[PDB]
Each structure stands twice: as C-alpha cells, then as structure tokens.
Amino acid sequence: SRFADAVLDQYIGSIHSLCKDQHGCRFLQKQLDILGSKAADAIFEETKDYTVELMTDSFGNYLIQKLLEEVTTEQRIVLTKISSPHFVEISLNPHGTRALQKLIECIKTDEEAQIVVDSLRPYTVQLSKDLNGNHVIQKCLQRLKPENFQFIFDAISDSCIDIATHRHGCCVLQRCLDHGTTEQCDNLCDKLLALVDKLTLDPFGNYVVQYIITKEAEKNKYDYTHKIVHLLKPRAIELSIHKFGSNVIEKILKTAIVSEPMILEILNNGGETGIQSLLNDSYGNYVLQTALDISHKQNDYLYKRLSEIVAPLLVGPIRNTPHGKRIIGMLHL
C-alpha cells in the first residue's frame, strides 16, 4: 500500500490527516506497536484535540484503542479529560463504545476512575439500556473496584424493573451479579426478589431470575435460590406452560438441590390434570420431559411416580406426534 515504505517522520504535522483512512490508521497503529514512545507522543500531540471524533470513527477508533495502550499515564489522563464530557455520544456509537471500553481497561490511577464514574454516573440507565452503551457499563463492572462501580448498583436499584426487563439492561444486571460484592449482590437480589413474579413471565427478566440461581449454584451456597423457589413453586404448573416462566421452572428442575421439591409440586398439586396439561402444551411438554429426565437420575420413587401418570396418557394421537414421541422416550429408561 501507500505506507509500506513510509516513515513516521514524514507525516509529522500531518498525522491527523492519516486518521481518516483505514490504511493511514493501520500505518499509525503499526508505528505505535514498534516505536513506540516517540510514536505515542507524536500521535498523541496531533490527535488529542480530536479524540472524540476519532473514537466514534470507523477506523479511527482502533487507532485510539492502540494509542491508549501505548501512551503514558499523563497522556492517558488527558485523553480521558477531553473525551469525558462526551461519553454519552461515544457510548451510543458502535465504535465509540469499543474505544471507550479500551480506555476503561487501560486506566491505572484512581483519579482516572473518578473521572470515569463522574462522567458516566448521570447517564447509567440510558447506557445500560442502549445497544452500544450497555457494554461500556459492563466494562466498568469487569474492571473497576466495587467502590467505583457502586453507582451502577445505585442507579439500578432505582429503575430495577425496567432495567431487569430490558433486552440489554438484563445483561448489565447479570454482570452486576458476576462482579458485585456480596453486600451489593444481596441488596440487588432483594429488589429483584420483590419482583420475581413480573420477571419470571418476562422475555428478558426470566433470564435474570435464572442467573441468580446459576450463580448461587456455582458457589454451592444457596440463599436467593431457596427464596425464589418458595415464591414460584405454588405456581409450578401455571409457569410450566408459560413461554418464559417455563425457563425458570426448568432452571430449578436442573438445580439438583431444588429439583425434587419442584417435581413434587408438579406431582401433587398438578396431578393427572396438570401433568396432562404439560404433556399437551407447546412449552410444558419440554418441562415434563425435564421432570422425567431429572427424576430418573435422582429419584426412582419420583420417576416411577411420574411414569405411572404419564404412560396412561400416551395413547392414540399423541403417540404419533413429535411431542408425544418425546415423552415416550423418557418412559422406561
């Protein structure tokens, strides 16, 4: 290309003009990778005034990302100060969000972290809810100290329902449970638990309810799992035939320490009517199949108990349908 046999020094005073091109950018990124200090200085001096515009640029963003790694702490702090008032603009941009995630990954000082929290805090929900913005917010949780990412938990505490039930907010909620302090995660789960009814039936909320259990199961320490089960068990059948509620029922059926109480509810307060409802539902069928699969593995008394209610129902029509044939497969094992 144009820059194969070119040299940083010939571009001094014209570096910004290269930051348009994909090839100019890659040239510069090369120079940053190999010089590098002198490259970082030259490039920092000629692009600092335009960081926002290079951050939200399709090729320029990758340059700033590279620049951020290679630049000194003094320089990095300047790039942060210049861009910080425009974090919303940058976070909404498909590229801006990638450049700004790198910035966060790169910060070493606590002054740098205070500038970032100060700059993001006012906009936490908006960004949590944004297709590009939510990632900047998650990076904060992945990278900062809990004391610095508190603001995210605080903002969520106040818009919990809409953030939990949001396509992207739900991913940010899950990042909170990944990195949150026990105290943080507890205060958050308390709020979520007050909303477990709504969340369970929700397209996106049901995943948050599952994730709590996922996380607790990871640690082998159970708290909110038990509190959730306690609230939803009384509706085991009702939720088993729900597009989204059934995701949670299955999640519980697949969590060894709570499997059997749930299977029991299905057996007792469901009976042949409830079970026939499952066998015959677009959703509860799979839940029914989960029930048989788990019970066969964990508890012969429950499996045989389920089997003897199910098998009388598997006759005629159902037997030849795909869903009928599915349960038939779970029957004698």
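When you see a residue number, it is the position in the sequence shown, counting from 1.
Averaged over CA atoms, B-factors in the entry run higher in 280-288 than in the other of 280-288 and 50-58. Across the two stretches, 87-95 and 248-256, the PDB entry reports the greater mean Cα temperature factor for 248-256. Among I77, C106, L195, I156, the highest C-alpha B-factor in the deposited entry belongs to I156. Between the residues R121, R167, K219, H242, the entry's highest C-alpha temperature factor is the one at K219. When the modelled residues of the chain are ordered by C-alpha B-factor, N206 sits in the lowest third. Sort the modelled residues of the chain by CA B factor and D300 lands in the highest third.
Among all modelled residues in this chain, the alpha-carbon of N187 has a temperature factor (C-alpha) in the highest third. Per-chain ranking of the deposited C-alpha B factor places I64 in the lowest third. For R143, the recorded CA temperature factor ranks within the middle third of the chain's modelled residues.
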